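Step one of this worksheet: look at the structure below.
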Amino acid sequence: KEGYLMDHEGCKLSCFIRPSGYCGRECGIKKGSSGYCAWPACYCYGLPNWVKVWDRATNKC
């Protein structure tokens with residue numbers, strides 16, 4: 001499963017001026033196999049089907 005990662009508030013996880021690899025690390029903690037900065041937010045690939053990703057409808061911020 002792929003999608004943008006959300007932070008603790010349901011916002012997209014920013015990667016503005018973050019080091020390269022930051023999104024891969026954050027996707028990896030959530031059990032994703034790959035991630036990249038889809039500037040300005042992190043995008044993950046390989047997440048199990050049960051992990052929740054960002055959605056336009058209940059997006060806040």
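We count residues from 1, following the sequence as given.
Two residues are said to be in side-chain contact when any heavy atoms from C-beta on lie closer than 4.5 Å; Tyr22 and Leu13 meet this criterion.
In this structure, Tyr36 and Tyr45 have parallel ring planes: the angle between them is below the 30° cut-off, well short of the 60° mark.
When hydrophobic clusters are built by joining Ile, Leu, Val, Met, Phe, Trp and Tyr residues whose side-chain heavy atoms come closer than 4.5 Å, directly or via intermediates, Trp39 is grouped together with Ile17. Tracing side-chain contacts under 4.5 Å through hydrophobic residues (I, L, V, M, F, W, Y), one reaches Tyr43 starting from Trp54; they form part of the same cluster. In the hydrophobic clustering of ILVMFWY residues, with side-chain heavy atoms under 4.5 Å counting as a link, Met6 and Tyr4 come out together.
Across every non-hydrogen atom of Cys23 and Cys37, the tightest pair is SG-CA, 3.6 Å. The two residues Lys60 and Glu9 come nearest to each other via the heavy atoms CD-O, 4.3 Å. Nearest heavy-atom pair, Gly35 versus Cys27, reported as atom, atom and distance to 0.1 Å: CA-SG, 3.6 Å. The two residues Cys44 and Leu5 have their closest heavy-atom pair at SG-CD1, 3.3 Å. Across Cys15 and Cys42, no two heavy atoms sit closer than the pair SG-N, 3.9 Å.
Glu26 contributes atom CD, which lies 10.5 Å from atom CG of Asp7 (distance to the nearest 0.5 angstrom).
In this structure, the side chain of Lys1 engages the main chain of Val51 through a donor-acceptor pair within 3.5 Å.
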